[PDB]
Structure formats: structure tokens, C-alpha cells
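Q: Line by line, the protein sequences give chains Z, D and A.
Residue numbering for the first sequence follows the UniProt record's numbering, starting at 947 and increasing by one per position.
In case it helps, the UniProt record's numbering puts the second sequence at residues 309 to 331, 342 to 352, 366 to 400, 412 to 427, 439 to 453, 478 to 485, 495 to 602.
In case it helps, the UniProt record's numbering puts the third sequence at residues 31 to 70, 81 to 131, 181 to 238, 248 to 308.
A virtual CB, placed ideally from N, CA and C, is assigned to each residue, including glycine.
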Amino acid sequence: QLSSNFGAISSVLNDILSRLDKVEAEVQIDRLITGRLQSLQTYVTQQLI
Amino acid sequence: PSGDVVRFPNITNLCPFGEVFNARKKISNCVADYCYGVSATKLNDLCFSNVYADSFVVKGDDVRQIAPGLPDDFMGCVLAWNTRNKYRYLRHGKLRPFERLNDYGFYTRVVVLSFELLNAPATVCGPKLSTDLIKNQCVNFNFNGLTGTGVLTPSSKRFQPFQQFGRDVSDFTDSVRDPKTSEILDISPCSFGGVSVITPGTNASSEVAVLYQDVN
Amino acid sequence: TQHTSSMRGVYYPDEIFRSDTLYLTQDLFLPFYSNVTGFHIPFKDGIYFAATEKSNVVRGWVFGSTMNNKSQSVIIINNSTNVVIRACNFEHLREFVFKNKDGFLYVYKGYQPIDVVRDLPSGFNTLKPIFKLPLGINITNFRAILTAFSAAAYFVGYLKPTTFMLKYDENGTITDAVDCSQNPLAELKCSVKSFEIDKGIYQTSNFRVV
Ligand SMILES: *[C@@H]1O[C@H](CO)[C@@H](O)[C@H](O)[C@H]1NC(C)=O
Ligand SMILES: *[C@@H]1O[C@H](CO)[C@@H](O)[C@H](O)[C@H]1NC(C)=O
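(1) Can you give the Cα-Cα distance for A:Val102 and A:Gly225, rounded to whole angstroms?
(2) Just to confirm the assignment: which complete beta strand (DSSP E) runs, minimum length 3, are found wholly within the region 516 to 593 of chain D?
(3) Pair every Cβ in the region 533 to 545 of chain D with every Cβ in the region 561 to 578 of chain D, then say whether three or more of these pairs are closer than 8 Å.
(4) Any heavy atom of ligand 1 closer than 6 Å to the Cβ of A:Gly86?
(5) Answer yes or no: does any C-beta atom of chain D fall closer than 7 Å to that of Z:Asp967?
(6) On a Cα-Cα basis, can you pick out the residue from D:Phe529, D:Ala508 and D:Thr509 that is closest to D:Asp518?
(7) Is A:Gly192 near ligand 1 - that is, is its Cβ less than 6 Å away from at least one heavy atom of it?
(8) Can you have a look at D:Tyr484 and say buried or exposed, based on whether 16 or more other CB atoms are within 10 angstroms of its CB?
(9) The beta strand (DSSP E) that contains A:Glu184, what's its start and end?
(10) Excluding the five sequence neighbours on either side, which residues of its own chain have a C-beta within less than 7 Å of the C-beta of residue 258 of chain D, listed in chain order?
(11) Could you tell me the boundaries of the alpha helix (DSSP H) in which Z:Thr980 lies?
(12) Measure from the C-beta of Z:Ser956 to each C-beta in chain D and report whether the shortest distance is under 7 Å.
(13) Do A:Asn122 and A:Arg99 have their C-beta atoms within less than 7 Å of each other?
(14) State whether the region 211 to 218 of chain A contacts the region 34 to 46 of chain A, with contact taken as three or more CB pairs (one from each stretch) at a distance under 8 Å.
(15) Are the region 495 to 515 of chain D and the region 377 to 384 of chain D touching by the rule of at least three beta carbon pairs closer than 8 Å?
(16) Measure the alpha-carbon distance for A:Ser111 versus D:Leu448 and round it to whole angstroms.
(17) Can you give the beta carbon distance from A:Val66 to A:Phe305, rounded, assuming they're within the 8 Å contact cut?
(18) Touching or not, the region 253 to 265 of chain A and the region 56 to 64 of chain A, by the rule of three or more beta carbon pairs under 8 Å?
(19) Can you tell me which of D:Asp554, D:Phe416 and D:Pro575 puts its alpha carbon nearest to the alpha carbon of Z:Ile955?
(20) Which of the three DSSP states, helix, strand or coil, is assigned to A:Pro210?
(21) For D:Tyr383, which beta-bridge partners are listed by DSSP?
(22) Taking 7 Å as the CB-CB cut-off, is D:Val596 touching chain Z?
(23) Name the two residues that bound the continuous beta strand (DSSP E) containing residue 311 of chain A.
(24) Where D:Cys366 and D:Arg342 are concerned, what is the direct C-alpha to C-alpha distance, given to the nearest angstrom?
(25) Which one of D:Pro547, D:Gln396, D:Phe548 and D:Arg495 has the shortest CA to CA distance from D:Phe329?
(26) List the residues of chain D that Z:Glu972 touches, going by C-beta distances under 7 Å, in chain order.
(27) Just to confirm, does D:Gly311 get its C-beta within under 6 Å of one of the non-hydrogen atoms of ligand 3?
(28) Are the C-beta atoms of A:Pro210 and some chain D residue less than 7 Å apart?
(29) Does any residue of chain Z bring its CB to less than 7 Å from the CB of residue 353 of chain D?
(30) What is the rounded straight-line gap between the Cα of A:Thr51 and the Cα of A:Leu264?
(31) I need the boundaries of the alpha helix (DSSP H) containing A:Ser35, first residue and last residue.
(32) DSSP three-state label for A:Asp57, please.
(33) Quick check: is any heavy atom of ligand 1 less than 6 Å from the C-beta of A:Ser111?
(34) Could you say which of D:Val601, D:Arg426, D:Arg441 and D:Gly400 lies nearest to D:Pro450 if we only look at CA atoms?
(35) Using a C-beta to C-beta distance shorter than 8 Å, which residues of chain Z count as neighbours of D:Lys373?
(36) With respect to the alpha helix (DSSP H) encompassing residue 240 of chain A, which residues constitute its N-terminal and C-terminal limits?
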């Protein structure tokens, strides 16, 4: 799920920070942060069960 | 990290970036000085291949027609400028992107730059003072288009002549080809882990031991 | 004369190095066991052109819309020892692949000896990214340019958008592949990412009646 985009321009950091420097990068990073936070929470719950 | 490492193509030249604007053309093996996928102020730190410029004459009445909605998955930079001090409106079917009756009648240009990156050996990008190679120490990377951090070491991977990067079984960059044709693998970001503190409880002493989880 | 291409027409999808991995990619490929018209021809966005000649019998290609002094066209020939390419209003086993995608005309190459009688040989091989050109013209048809003087024969195939499962060797070169749309079994292989599968029942993609 790390090699998976979530609607952002790119799925790898340092390639949004390289081509953007300000709020434009913040809007893309928030899409990745949300997507990676869900797949991590889903993993933990399935481990508890 | 411990140091900064940079590696750029040794080619040096003065670029026609200025001549073309004031007068489709290719630009390669130059050093330009100086948006739909890149920031203008961030353009002078990335290295592309064969930047192309599309040039044509149209008055400001048609500048608002050149934009997606030009491919939809492609990027580029657009400049325009007017000074006043042909076209087709009949054709059976439209055209695919990047392919090629009346007169406007001017009485008293639009440059669509295209960037190609990380495909062929880097040949077009701005000033960047190079640096020597350091190995076996957590350092910073500034290869052609790979800014990161890790530890470098000689590699034993048989690159094909037409390849310049490396990939793992999970699509991570665990190898690279130096712009001087050397295969050095950047394995791991040196070291990281967790920290745990062992204490007798603060009701008998204030002495603690620390465990570092996964380290040599 | 219609022949069958067993497993020919595999090329390197990108310029990245890989080892001991299986890669699922979607692109314009040549599906395994298709029809090739043995010639002794519209482009349709992709052509697998392979030729067999004894001592460089013939060579050449032409691309365009009308192909008669009316619209732009492209040429690829050999003058003395180098390839000549131009774009104007013009008047023992070669393996090539031509693709027209977003202006750029890509090209791939391969070579192999063959000892065949009168048709295409069997087996598989690989091609490489040799050329790619910003011609910028609309290509609809093509036709090879012959060299009149020995029997000569060239074949043509058609590329379609399909998904392949390519196997990479530790040495870094593509070895085998699976076409994930030929058989129900082939779809199963591309789903579990293997080449041998234990007995059982496995659920795969869904189906609709269009
Ligand atoms: C290329 O030209 C042919 C000529 O009939 C036309 O049918 C076709 O639509 C053109 N290409 C595209 C992408 O429209
Ligand atoms: C890989 O390469 C080595 C030598 O380059 C060769 O001996 C071997 O047969 C090749 N294929 C393998 C190991 O599967």
C-alpha cells in the first residue's frame, strides 16, 4: 500500500516536495497521510481479532 | 545524516533558453538558468531529458483555449506575452494530443514547454556544484533526481546498458547508476529502531538502563 | 498465409532494473497465439513487424495517412550504413515493434537466427528500447519498401491493450511471461502470482453481461 497513490500527484515523497514547496505540496501530502493512516489502522484491527 | 553528496552530468554549456523565446524545437545538453505538475521556483534543482518548446503565433483572444479540459496526464510550463503598440474551425473529427480555415487578421507568443524526466541519462538542468563520493556513512543523496538519505556501498547487480535506476521486489530504490557509470547500492537508511527504558520503579532508585532494539 | 505466433513479441516495459520478482503491467502487447499475415496494412496503433532475410534482402518502412503526396509521412531506410529518417510530403530473424502513442513513435529491436522452411519460427525472445521519435504526425497505414534483385518473407501483427505477468531472473533479464487474458487458467496464475498452483477452487474477477 506504500506504492499506491491515493489521489495525489505521486505516491513517493521527495517527489512532491521536489516539484512543490508550499501549500500546493500540503494539499497533496494530506491526501497521502489520510490514505496511509487508514491502511495502518486496518492492519492493527485485523491483528487484534 | 553525516554529509552531503551530489552527482550531476559533467556536461557544461550555455543554453538557448533565451534565444527561442524572442525571435517545435528541442533543447538538450545545455544548462538552463531560468505550471501543471511542477513549481516554477523549484525548476532549477531537477534534471530532465530533451525539454521541448512549442511555438506559434496567436493573439490574446485564443490564449484561454490551451489547457486540459495538451494531454491530461502530462505537465509543462506556459508563458505568454502580447505586443500591439491562421486557424481551423472546420475539420471532420478532432486530433489526439500533440499532433498536427480562415485568418485572424492581426491589426494594431504562447510557449508550451514539456519536461521529460528519469527516462534517459540526464542532460538538461541548471547549476549544481558537484561533490565527491562518500561510502559507508549515513549521508544525503542529490543524484540526478533522487533526493534521499542512506548508506552507500559498491554493488554487484548486472545492470543492462539502457538502465540507470534500480528497484526491489516492492518498488523501492535499492540501487543506482552514478552519472559516471558505476553501480552503487544505497541499502537502508543507515539505522533506526525503538528505545525501551528498564527501571526498578523510582521507589528504590533513580538508575535506569536503556535498550536499543535492532542495531549491530 | 495466416500463421500463429506462439510467444513472440515481448519487450522491456521500462528502463528500470529488477531481479527475482514478478511484475504485473498493463500496456499494448501482442497476445500469445495470435494471427500474423505472412507477406511475400493499417497501423491501428501498434505493429509487430518481424522479417526473415538471407543476407539483408530488403529493408524499409513508410508511415502516413494517404501515403500519396498529400499529407505528412515518415520514412526509415538505410542509405549506406546508417538509418535515414525524414518527415515531409514525400513522393537471421529481424524483430521490431512500432508503437504510436502521444505523438512519439517508439521502436524496439531484437535479433535471432532461425532455420525454417516457409513460415515463422516458434519460441520466444525479447526486445529493447532502441529508439523513440517526436514525429508528431497522424499515422494510419504503412507499407514496407522492398529491394528487388532469393525468397523473402515478412510478417505483421497487431498490438492490443492487455496485462502481462513477466518473470525476472536474478541476472536481471526477463525470462518467461504469462498472458492474463488467454485462458481461464492464465487468469488464475496472474491472480495468485505463481506458475504452479495447488488443487482447489479459487475465486477470481467478476463477470457482467454487457
Ligand atoms: C488520422 O487521420 C485519419 C484519416 O481518415 C482519421 O480518420 C483519424 O481520425 C486521424 N487520427 C485521429 C486520432 O483522429
Ligand atoms: C545467470 O548468470 C550466470 C552467470 O552470469 C549464469 O551462470 C546463470 O546460468 C544465469 N542464470 C541463472 C543463474 O539462473
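A: From the atom records:
(1) Straight-line Cα distance between these residues: approximately 15 Å.
(2) Here the runs fully enclosed are 525 to 528, 533 to 540, 562 to 564, 568 to 573 and 581 to 584.
(3) Two segments are said to touch when three or more pairs of C-beta atoms, one from each, lie closer than 8 Å; by this definition the region 533 to 545 of chain D touches the region 561 to 578 of chain D.
(4) Checking every heavy atom of ligand 1 against the Cβ of A:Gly86, none is found closer than 6 Å.
(5) Z:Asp967 counts as touching chain D.
(6) If we check each option's Cα against that of D:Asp518, D:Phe529 comes out closest.
(7) No.
(8) Result: exposed.
(9) Its beta strand (DSSP E) spans residues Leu182 to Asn189.
(10) This structure cannot settle anything about residue 258 of chain D, because the visible part of chain D is limited to 309 through 602.
(11) Going by DSSP, Z:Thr980 is part of the alpha helix (DSSP H) stretching over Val969 to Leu994.
(12) With 7 Å as the cut-off, Z:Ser956 does not count as an interface residue toward chain D.
(13) Between A:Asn122 and A:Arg99, the C-beta gap is not smaller than 7 Å, which leaves the two residues out of contact.
(14) Inter-segment contact for the region 211 to 218 of chain A and the region 34 to 46 of chain A is present: three or more beta-carbon pairs are separated by less than 8 Å.
(15) They touch, by the three-pair rule.
(16) Between A:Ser111 and D:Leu448, the C-alpha separation is close to 15 Å.
(17) Wrong, their Cβ atoms sit about 30 Å apart, outside the cutoff.
(18) Counting Cβ pairs under 8 Å, three or more are found: they touch.
(19) Comparing Cα-Cα distances from Z:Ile955 to each of D:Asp554, D:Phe416 and D:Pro575, the minimum goes to D:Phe416.
(20) Note: A:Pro210 maps to coil in three-state DSSP.
(21) In DSSP, D:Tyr383 forms a bridge with D:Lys344 and D:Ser500.
(22) No, because no Cβ of chain Z sits closer than 7 Å to the Cβ of D:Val596.
(23) The structure shown does not extend to residue 311 of chain A, since chain A is modelled only from 31 through 308, so no value can be given for it.
(24) Distance between the alpha carbons of D:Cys366 and D:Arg342 is about 19 Å.
(25) When only C-alpha atoms are compared, the closest one is D:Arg495.
(26) What Z:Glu972 touches in chain D: nothing, since even the nearest Cβ is about 13 Å away.
(27) Looking for ligand 3 in the displayed structure turns up nothing; the ligands present are ligand 1 and ligand 2.
(28) No, A:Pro210 lies away from the interface with chain D (no Cβ there is under 7 Å from its Cβ).
(29) Gap in chain D between 352 and 366; residue 353 of chain D lies inside it and carries no coordinates.
(30) So the two alpha carbons sit approximately 8 Å from each other.
(31) Careful: A:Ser35 lies outside any alpha helix (DSSP H), inside the beta strand (DSSP E) at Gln32 to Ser35.
(32) Per DSSP, reduced to three states, the secondary structure at A:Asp57 is strand.
(33) Relative to ligand 1, even the nearest heavy atom lies 6 Å or more away from the CB of A:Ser111.
(34) Looking at the Cα atoms, D:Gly400 is the closest of the given residues.
(35) Contacts between D:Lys373 and chain Z, judged by CB atoms closer than 8 Å, involve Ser964, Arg965, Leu966 and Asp967 in chain order.
(36) Inspection of chain A shows residue 238 followed directly by residue 248; residue 240 of chain A is thus not represented.
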